[PDB]
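Provided below as structure tokens are two forms of one protein chain, presented individually as structure 1 and structure 2.
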Structure 1
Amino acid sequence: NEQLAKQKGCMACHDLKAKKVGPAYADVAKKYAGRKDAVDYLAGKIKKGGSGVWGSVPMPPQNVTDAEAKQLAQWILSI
């Protein structure tokens, strides 16, 4: 949920609507919602980070567990 995103520092680089560092959470939801295994995909990206999907700036790996990454993916996709 949003409280968890805040607790894990996600909002430093992601706003719900504005572009900061990574994509707006509302934009991620638009891209992936309804797509097969969107939750599992996004959970992996949240924990491990990555580059090249939204731009050339990498997202670093994050101090989140698998269960946390899944909760955050579920929350994001619900926007």
Structure 2
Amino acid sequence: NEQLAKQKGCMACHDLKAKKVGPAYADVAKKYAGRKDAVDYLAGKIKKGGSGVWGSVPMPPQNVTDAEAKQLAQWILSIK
């Protein structure tokens, strides 16, 4: 039960339910750290959408330019 989980400190490292469907940007940055094709890969994902890397729920295609997609990819890749 939930009150026992709280009183035991469990909720310091767990949530009940994921608050966001997509991966956290720092986790994306870590997965793709050290890869020369990461910006091109991600900029295309962000623009066209995709599924199956992190799970089965898809990212819909996003309303960004190629420029904006590239920049978002560069920014996410710097997150730490």
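Just so we're on the same page, rigid core means the largest C-alpha set that superposes within 1.5 Å between forms. Residues that one form lacks are left out of the comparison. For numbering, take structure 1's sequence and count from 1.
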After the core is overlaid between the two structures, has the C-alpha of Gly9 moved by 2 angstroms or more?
yes
Did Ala18 shift 2 Å or more between the two structures, C-alpha, core superposed:
yes
Please give the CA displacement of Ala33 between the two structures, in Å, after core superposition.
1.8
Shift in Å of the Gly52 Cα between the two structures [rigid core superposition]
0.3
Once the rigid core is lined up, which stretches of 3 or more residues in a row have C-alphas that move 2 Å or more between the two structures?
1 to 19
